[PDB]
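Student: Taken in order, these protein sequences are the chains called C and A. Take the entry's author numbering: the final residue in the first sequence is number 7, and no numbers are missing along the way. Take the entry's author numbering: the final residue in the second sequence is number 333, and no numbers are missing along the way. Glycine is no exception: its CB is placed at the ideal position from the N, C-alpha and C atoms. Could you have a look at this structure, given as structure tokens, before my questions?
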Amino acid sequence: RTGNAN
Amino acid sequence: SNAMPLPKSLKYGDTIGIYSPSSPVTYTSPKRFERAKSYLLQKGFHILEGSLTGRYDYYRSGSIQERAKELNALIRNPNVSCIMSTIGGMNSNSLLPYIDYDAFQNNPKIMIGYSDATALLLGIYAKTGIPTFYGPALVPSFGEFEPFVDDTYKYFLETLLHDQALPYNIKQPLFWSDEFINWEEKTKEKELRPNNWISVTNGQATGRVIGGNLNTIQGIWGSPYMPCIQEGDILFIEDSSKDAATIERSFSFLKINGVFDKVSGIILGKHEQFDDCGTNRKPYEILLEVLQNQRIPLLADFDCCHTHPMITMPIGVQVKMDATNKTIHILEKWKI
Ligand SMILES: *P(=O)(O)OC[C@H]1O[C@@H](n2cnc3c(N)ncnc32)[C@H](O)[C@@H]1O
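The following block contains the structure:
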């Protein structure tokens, strides 16, 4: 994913 | 310790309420969402879809107030036995001032999820003292294709539904994977990698287990929603899909907060798709540099994180960890 999500 | 308030065990046919405290996965990954619901329905549970299911607000499911309302409606519903996040994201911590902790205390339920939902799992435990569960989120965990979903499901039942004598041994899964495939649709079989836990630093520790997703913990640290870490606690931490720079920051965050002066031992989850930034270092090697000359028993590559399969882990209860022999036992009841 491009994201920094948890 | 004395007997304390505890949630009722899950029963077949119970209602699992699902909510989206951050990312709108029920809109953006509909196939895996529908597959996950069907997996649990086929097993005989009922699913109560929270009020933001299917809604979309870009990076989130809805406004702060809308998401608090979604979760509180499940907390206040006496027909719901288990409250499960659909997925994490980043923004669960926004809800914390607005959650009906009094209603939860009045009618405790199994609160389960992982990653960003750590903010809520620890917030509820901090405010109510009721153990919460680091474990499956609906879409990542129960939307997984066979075979791994069946192992995750087995551990979920063993911990939340089956009666367990104490000490309760947490068995090591035999196989694992973190492959970045088969999200919405299956294209091939994931590798059944032989699984092990790691004895990073020998020894044993017995204490209350506290923790969850370490990246998420930094968004609630210091607040009324972060349980105080106490002398002798066992720290459980995991991060997923991050890099060496990120986890060094988080490990030093714990160090400068004195956490490693208090804890008796550390359980470190596997790190899904870890980016070592070219160093070829393992997450536990970076942690051990941060620890410097402080020796702490440490069991790593624990299967309670974004890798498959996932163990369901009670938080806030006494545990024994044996890093030398790579065992974990739960020593205190977590459900009725
Ligand atoms: P967070 O709770 O957002 O994520 C937990 C794990 O779910 C998997 N995951 C989330 N979103 C995706 C997409 N879009 N594609 C593939 N995998 C996804 C990862 O295992 C996350 O660590």
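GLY86 of chain A CB to nearest chain C CB: under 8 Å?
Tutor: Here residue 86 of chain A is taken as the residue at index 89 of the second sequence, counted from 1. So yes, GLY86 of chain A belongs to the interface.
Student: Would you say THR213 of chain A faces chain C, with C-beta separation under 8 Å as the test?
Tutor: As a first step, residue 213 of chain A is located in the second sequence; it is residue number 216 there, counting from the start. Yes, because at least one Cβ of chain C sits closer than 8 Å to the Cβ of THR213 of chain A.
Student: Can you grab the Cα-Cα spacing for the pair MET1 of chain A / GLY132 of chain A, in whole Å?
Tutor: Mapped onto the second sequence, residue 1 of chain A falls at position 4. Mapped onto the second sequence, residue 132 of chain A falls at position 135. Their Cα atoms are separated by approximately 22 Å.
Student: Quick check for students: name the residue ranges of the alpha helix (DSSP H) that lie wholly in the segment 153 to 225 of chain A, counting only runs of 4 or more.
Tutor: As far as the segment 153 to 225 of chain A is concerned, its whole alpha helix (DSSP H) runs of at least 4 residues are 211 to 214.
Student: Could you name the residues that DSSP lists as bridge partners for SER82 of chain A?
Tutor: In the second sequence, counting from the first residue as 1, residue 82 of chain A sits at position 85. In DSSP, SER82 of chain A forms a bridge with A:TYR16.
Student: Buried or exposed: where does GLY266 of chain A fall if 16 or more other Cβ atoms within 10 Å of its Cβ makes it buried?
Tutor: Within the second sequence, numbered from 1, the residue matching residue 266 of chain A stands at position 269. It is buried - the Cβ of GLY266 of chain A has at least 16 other Cβ atoms within 10 Å.
Student: Checking 8 Å against the spacing of the C-beta atoms, do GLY209 of chain A and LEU118 of chain A come in under that value?
Tutor: Here residue 209 of chain A corresponds to residue number 212 of the second sequence, with the count starting at 1. Here residue 118 of chain A corresponds to residue number 121 of the second sequence, with the count starting at 1. Cβ atoms of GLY209 of chain A and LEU118 of chain A: closer than 8 Å.
Student: With DSSP run on the structure shown, which of helix, strand or coil describes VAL136 of chain A?
Tutor: Taking the first residue of the second sequence as 1, we reach residue 136 of chain A at position 139. Here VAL136 of chain A sits in helix by DSSP.
Student: What residue range does the beta strand (DSSP E) around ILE109 of chain A cover?
Tutor: On the second sequence, residue 109 of chain A is found 112 positions in, with the first residue counted as 1. Counting along the chain, the beta strand (DSSP E) containing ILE109 of chain A begins and ends at 107 to 110.
Student: I need the boundaries of the alpha helix (DSSP H) containing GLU141 of chain A, first residue and last residue.
Tutor: Here residue 141 of chain A refers to the residue found at position 144 when the second sequence is read from its first residue. That residue, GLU141 of chain A, is in no alpha helix (DSSP H); it is neither H nor E in DSSP.
Student: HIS159 of chain A: buried (16+ other C-beta within 10 angstroms of its C-beta) or exposed?
Tutor: As a working mapping, residue 159 of chain A is identified with position 162 in the second sequence. Looking at its Cβ environment, which holds fewer than 16 other Cβ atoms inside 10 Å, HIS159 of chain A is exposed.
Student: Quick one: what does DSSP say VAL314 of chain A is sitting in, helix, strand or coil?
Tutor: Stepping through the second sequence from its first residue, residue 314 of chain A is reached at position 317. Residue state, collapsed to three classes: coil.
Student: Does any residue of chain C bring its CB to less than 8 Å from the CB of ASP175 of chain A?
Tutor: Here residue 175 of chain A refers to the residue found at position 178 when the second sequence is read from its first residue. No, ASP175 of chain A lies away from the interface with chain C (no Cβ there is under 8 Å from its Cβ).
Student: Can you pull the chain C residues whose beta carbon is under 8 Å from the beta carbon of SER196 of chain A, in chain order?
Tutor: Residue numbering aside, residue 196 of chain A sits at position 199 when the second sequence is read from its first letter. Within chain C, no residue comes near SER196 of chain A; the closest Cβ sits about 27 Å away, beyond 8 Å.
Student: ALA6 of chain C: beta carbon under 7 Å from a heavy atom of ligand 1?
Tutor: The count along the first sequence starts at 1 and reaches residue 6 of chain C at position 5. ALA6 of chain C: yes, Cβ under 7 Å from ligand 1.
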